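# Structural overview
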Amino acid sequence: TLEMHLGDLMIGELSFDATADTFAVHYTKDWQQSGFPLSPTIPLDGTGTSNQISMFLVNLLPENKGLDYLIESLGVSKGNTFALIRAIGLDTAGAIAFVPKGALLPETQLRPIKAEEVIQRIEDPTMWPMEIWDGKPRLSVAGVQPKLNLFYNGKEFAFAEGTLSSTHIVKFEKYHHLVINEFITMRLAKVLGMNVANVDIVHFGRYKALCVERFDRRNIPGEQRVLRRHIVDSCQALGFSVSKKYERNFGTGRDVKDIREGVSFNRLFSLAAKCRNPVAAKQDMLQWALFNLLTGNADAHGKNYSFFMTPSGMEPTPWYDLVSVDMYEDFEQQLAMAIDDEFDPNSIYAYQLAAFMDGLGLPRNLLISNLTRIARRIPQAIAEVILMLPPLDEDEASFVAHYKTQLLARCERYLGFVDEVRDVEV
Amino acid sequence: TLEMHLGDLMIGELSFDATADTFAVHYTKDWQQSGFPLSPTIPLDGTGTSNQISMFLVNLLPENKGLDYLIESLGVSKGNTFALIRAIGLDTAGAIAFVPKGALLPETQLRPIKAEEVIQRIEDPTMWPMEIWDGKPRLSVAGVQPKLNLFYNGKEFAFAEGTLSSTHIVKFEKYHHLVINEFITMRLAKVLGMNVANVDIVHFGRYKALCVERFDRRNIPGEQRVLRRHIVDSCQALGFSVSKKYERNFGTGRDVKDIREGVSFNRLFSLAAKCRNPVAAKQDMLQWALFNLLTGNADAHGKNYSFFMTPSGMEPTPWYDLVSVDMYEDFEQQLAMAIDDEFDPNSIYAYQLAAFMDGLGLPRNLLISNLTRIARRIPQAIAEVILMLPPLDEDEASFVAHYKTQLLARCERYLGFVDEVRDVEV
Amino acid sequence: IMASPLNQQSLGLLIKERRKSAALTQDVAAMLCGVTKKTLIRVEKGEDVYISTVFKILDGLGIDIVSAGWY
Amino acid sequence: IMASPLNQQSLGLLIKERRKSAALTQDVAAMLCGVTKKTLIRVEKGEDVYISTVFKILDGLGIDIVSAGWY
DNA sequence: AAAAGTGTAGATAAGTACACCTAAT
DNA sequence: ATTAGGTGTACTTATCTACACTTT
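Each chain has its residues counted from 1 in the order its sequence is written, and this count may differ from the entry's own numbering; any residue lacking coordinates is left out. Each chain is given a letter, starting from A, and each ligand a number, starting from 1, according to the order in which they appear as written. Side-chain numbers here rest on the full set of heavy atoms in the structure, without hydrogens or water. Residues with missing side-chain atoms are left out of burial classes, side-chain pairs and their counts.

The deposited coordinates derive from X-ray crystallography, with the record listing a resolution of 3.390 Å.

## Here's the deal with the protein's contact with DNA strand E
Cut-off, in case you're wondering: Definition of nearness: a residue and a molecule or strand are near each other if at least one heavy atom of the residue lies within 4 Å of the molecule or strand. Polar contacts, as counted here, are pairs of nitrogen or oxygen atoms within 3.5 Å of one another; within protein the pair requires one atom able to donate a hydrogen and one able to accept it, and residues that are adjacent in sequence qualify only if both atoms are side-chain atoms. Elements are defined by DSSP. Helices are runs of H or I of four residues or more, strands are runs of E of two residues or more, and each kind is numbered from the N terminus. The classification used treats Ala, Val, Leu, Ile, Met, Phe, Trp, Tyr, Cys and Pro as nonpolar, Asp, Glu, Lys and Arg as charged, and all other residues, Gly among them, as polar.
In the vicinity of DNA strand E lie 24 residues, with C:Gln26, D:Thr36, D:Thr39, D:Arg42 and D:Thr53 positioned nearest. Atoms of DNA strand E within 4 Å of the protein: sugar and phosphate make up 80%, bases the balance. At 3.5 Å from a base oxygen of DNA strand E is found a side-chain nitrogen or oxygen belonging to C:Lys37. One of the backbone nitrogen or oxygen atoms of D:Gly34 is found 3.5 Å away from a phosphate oxygen of DNA strand E. Only α11 (364–386) of chain B, α1 (8–21) and α3 (37–44) of chain C together with α3 (37–44) of chain D provide two or more residues apiece to the surface near DNA strand E. Residue contributions to the surface near DNA strand E peak at four residues, all from α11(B). Among the residues making up the surface near DNA strand E, the classes are represented as five nonpolar, seven polar and twelve charged.

## Brief notes about the UniProt feature "DNA-binding region" in chain C
Where we set the bar: UniProt positions are given in the numbering used here, feature names are shortened, and annotations may be inferred rather than shown by experiment.
Sequence positions flagged by UniProt for "DNA-binding region" are, in local numbering, residues 26–45 of chain C. End-to-end, the C-alpha atoms of residues 26–45 of chain C are 13 Å apart, and along that stretch the chain is 80% helix and 0% strand.

## Focus on the sheet that holds strand β2 (residues 9–17) of chain A
Residues and elements named next belong to chain A. Just so we agree on the cut-off: Note on pairing: two strands pair once DSSP finds at least 2 bridges between them. Whenever a helix is involved, its axis is fitted only over the stretch in contact; in every case the axis is a line through C-alpha atoms, and angles between N-to-C directions fall within 0 to 180 degrees.
In space, the four strands of this open sheet follow the order β3-β2-β1-β4, with antiparallel pairing throughout. Whereas interior strands pair on both sides, the edge strands pair on one side only; in this sheet they are β3 (22–27) and β4 (96–99). Here the strands of the sheet are splayed against their neighbours by 30° on average, with no regard to which way each runs. With four bridges connecting them, strand β1 (residues 2–6) and β4 associate as antiparallel partners. Bridge pairing in β4 places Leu6 opposite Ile96.

## Re the protein's contact with DNA strand F
Taken together, 22 residues lie around DNA strand F, and C:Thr39, C:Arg42, C:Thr53, D:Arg19 and D:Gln26 are the ones closest in. Among the atoms of DNA strand F close to the protein, meaning within 4 Å, 75% are from sugar or phosphate groups. Side-chain polar atom of A:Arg377 to a phosphate oxygen of DNA strand F: 3.2 Å apart, as the coordinates give it. At 2.7 Å, a side-chain N or O of C:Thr39 approaches a phosphate oxygen of DNA strand F. When residues of the surface near DNA strand F are traced back to their parent elements, those giving at least two are α11 (364–386) of chain A, α3 of chain C together with α1 (8–21) and α3 of chain D. Across the surface near DNA strand F, the residue classes break down as five nonpolar, six polar and eleven charged.

## Considering the UniProt feature "active site" in chain A
All names here are of chain A. Put simply, the rule reads: Per-residue accessibility, obtained with a 1.4 Å probe over protein chains only, is compared with the maximum for each type, and a residue is labelled buried under 20%, exposed over 50%, and partly exposed between these values. Any pair of residues with heavy atoms lying within 4.5 Å of one another is described as a contacting pair.
Here, UniProt's "active site" annotation points to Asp299. Secondary-structure assignment places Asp299 in the loop between α9 (278–294) and β14 (306–310). Residue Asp299 is classed as partly exposed on the basis of its relative accessible area, which comes to 22%. Beyond its immediate sequence surroundings of up to four residues, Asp299 is in contact with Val141, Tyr246, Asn304, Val325 and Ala336. A distance of 2.9 Å separates a polar atom in the side chain of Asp299 from a polar atom in the side chain of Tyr246.

## Topic: the packing of aromatic side chains
Aromatic ring pairs: the centre-centre distance and the angle between the two ring planes describe each pair. Filter applied, for reference: Only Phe, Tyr and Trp rings are paired, with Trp represented by its six-membered ring, and only when their centres lie within 6.5 Å; those with planes under 30 degrees apart are stacked, over 60 edge-to-face, the remainder tilted. The criterion for a charge sitting over a ring is simple: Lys NZ or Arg CZ within 6 Å of the ring centre, and within 35 degrees of the ring normal.
Overall, the coordinates contain 41 aromatic pairs over all chains when judged by the stated rule. Taken together, a centroid distance of 4.8 Å and an interplanar angle of 35° make the contact between A:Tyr175 and A:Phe331 tilted. Residue A:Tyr175 is found in the loop between β8 (168–172) and α6 (178–191), and its partner A:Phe331 is found in the loop between β15 (313–316) and α10 (350–359); the two are separated by 156 residues along the sequence. When its relative accessible area of 6% is taken as the criterion, A:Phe331 is described as buried. Each member of the aromatic cluster is reached from another via a ring pair, and the members are A:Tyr175, A:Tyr328, A:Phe331, A:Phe399 and A:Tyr403. The ring of B:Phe343 has B:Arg248 sitting right over it, with the charged end atom 3.6 Å from the ring centre. A cation over a ring is seen here: B:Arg413 above B:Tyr349, with NZ or CZ 5.6 Å from the ring centre.

Spelled out as structure tokens, the structure:
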């Protein structure tokens, strides 16, 4: 049994049955009346099924070899969810802390970090990759993107301990020009007026890293605290296992290609009903899809889209993990979520989009409007983004040139057939 | 200064300024939030004007020489409102009791009444002659229909003292065959399905009297208490002086015939807005008017129509004081409230009703429906009412025969021209 | 019993119940509300109608409808 | 702002404010709600409309509307 | 001897969509 | 140069005033 602490307040209890190997969640009546559930699949009345609770908890864990690091510190079995969540319970995705009864370390301290300590990990002692090689074959999402969640006051980075938690996520690059890619993409998103997490490039030694501001975390100047806001990804919202993050959950094999049990665009838009403002949500989701289509992000999947949980309803979070995959040909280029049963970005035409919107029960002109708006604004936008960059070498410059060219190419390509969309017969 | 008590609870204070000769009413915050005002013209915030308060308080007093009786027991001047209300405060129209601070006499007991005590009052004074006042009166303010408000448990009558209050009104007849008239009229109303107070004929010695059940008062069997519910007449609702009870408040003089400052049907229906259910109210009022037209009641006036006061809004009370004036030719036969500027019942035709409904902004077919429904139902209804009568002599029988004949005559007369109404050009 | 969230149907039902609560015939209530009883029937059954109608009947019967981070 | 009982106009105003709160274009919000923007303009201005439309936009924007002795 | 709740029909009137164009900032 | 708007047919629909119907 573990107590659920939100901030300084206890919202309920998570009980685990060792013999039955089953999970249960029960909430305080105060929270039942005034509060909100962990996810839609774990209601306040305590009717949450063991399965949904388990999957929810699993979805909080790392999806990469980094997990195997948790096995390095932990002395339990891979099949043990409880101990793992108990280990990382104090700081995880979302605002929920899982605290053993009568255990609190309020008075703890900060652990300032000097650049050498950060650089020390890039040498990959006590850290992934090891084992620097993707993939078996065609990647992705692991393990080539080493990351560290840290507390950032605007000056110095430090490790969060006890009640304190990391306010930022620092992403270090090994694979070529990834920080620049995500930086340009995220800034491009923000410039276009999209709702997106704030990103800044930070330097450690000769290495560049991407500092991302957590929107589910807010630091208070003038005192010692870190404010958390609870969130859930689309897998946790739809009650899907982490394996279902991709629409095709059994892999890219052309044998299983026809089997999609995972998160799709329909399943995503279905969540608009649970949002405080369904229209706005669908708008955000559609712009997310179109944006990922234009920036050539094929890795946009279930856990890359999340919602703020509130008593009134769900709210969409700012976008995050926006990257152009089209740049890298050593990765998988087929979309995580297909457009009207088409996973090939190059096979997308007026038909796929027309049927895609028809499949959502939404007017096509909405997509025409939303698509035409962005693609036309990108050329002037991408320019402003490049100027936000720090000093570069020639390779990086060539990469950014290639990026700009590819982006403009996609923009033109899409902008080419948009008019056909209205008159298509699906 | 007098405290306002509703039931066992103090709902506020009525303050009187002796020097300024002005009235003021201020309420407790509990009552302000959860309660309702004395009338619409005396709001809970205590902004009620001295004028409206005065008129309201005056409207509670007797309109007949009985006023001079309360002056006989109290011994004060006519121009004194405070002392009179202070005198009768314990029992008045409505649920409001006006109690001097920290003063209660009664230790309430019952004072049983034997018929002899009644006959003594039916006998000379005990003043109720009351003619000839002044003045040769006409309209039913004339002379005396002596009544006493008394407690009736269903068996024995007793005087209400202290917190206890009269649950019934016993009306004694002097003028010929009035009890039978009101009885037949009220019972006819009830038979037709209208909302009306329940009436029963009671006998004292050789004298007949009409026992009327107060709808603003409810007695609890099994215990000693009397529950009051606050009400207001249309004069108190519209904030009019008692003099305005009749549409023509300056009398029937042909000089003042064109001057009507008093309650009219328009002014009455205007109150439908303040009711919890305006439609039902308008329905009740319309059926009230039509019923009074069919039964030939020309005395139906402002103080003969009242509303229950509740926090949610006003509700119409059951009808009362329904009498056929057409039977008596020694009284004023012109309507208290005119039909489209026509005070003569004999001059009422399709035109007057058409313009009457047009003046209310209501469809004529409504009046056609309500009129046609009743006028055909009266013939079978009046028969059933006669069977409710006690043993009669020949005079009474002749009176009831005349009544029935007149009623049927009116019914046919109205039913004659009712169809023309739709095609009328006003 | 009263369901809090309103839809097109439950509104019509609410109206119907408030009408029958006042023991009013459809024709009378409709007439007084300034609509034909057929329209009132359409409204009661939750069928599509002009909002003005709905508000005529609602305002008529005294029915009031109202709009309902961090840590 | 009004916590008071809603009428045809204040409803349109409420919708308009909830729309502007979401920073949504009329065309976009209307399209997503399954109506033309002109209709949405009619609704926002309190002009007469089919109740269905009103409920489409209301349900779209996630607006919930609810129905509000003896002494 | 109905009553209240239904539908029917022509006739009036009015909403919706669909896309083009306006006026400002 | 974008959002909140007014146009324009062609279309679909609600409203009204009676009559007549199916059940009390």
